[PDB]
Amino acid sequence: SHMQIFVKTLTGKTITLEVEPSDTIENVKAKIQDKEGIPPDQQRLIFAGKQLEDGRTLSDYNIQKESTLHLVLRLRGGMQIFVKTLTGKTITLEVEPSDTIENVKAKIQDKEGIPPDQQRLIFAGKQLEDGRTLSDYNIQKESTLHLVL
């Protein structure tokens, strides 16, 4: 069933979009390009604190009628970081600032075989939340996170 959503921009501006629950995130970001002029691969859509990811759909994030999305600049550029288990060995990961902490765990599970529900990442004495990105924590390049455990 058709649906209206609202996208607030950093420039004190709220855009109305005509969408469907089946619409993919990339399909929505394209609509935002036509209206706001921002390249899809540079848009970071936020909802309830969760980053809407490409390949998914609005329904996957339970986006209901008249929901409000926030648009910010998706920070781009490949770089490497390090993850040292508290034991501990160190592995090197190729990431972008816009990669979520949940994404980082999936990459750790890919080479260390560690299930995400067992992974707890630390940096600067803080616990990194799955929903947020590396950017949100100012994780510099060459930084070393601490996996627990």
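Numbers for residues come from their place in the sequence shown, where the first is 1.
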Mean C-alpha temperature factor, higher of 120-128 and 31-39: 120-128
For the C-alpha atoms alone, is the average B factor greater in 93-101 or in 53-61, going by the entry? 53-61
Which of 48, 81, 45, 114 ranks first by CA B-factor in the deposited coordinates: 48
Grab the CA temperature factor for residue 19 from the record and place it in the lowest, middle or highest third of its chain. highest
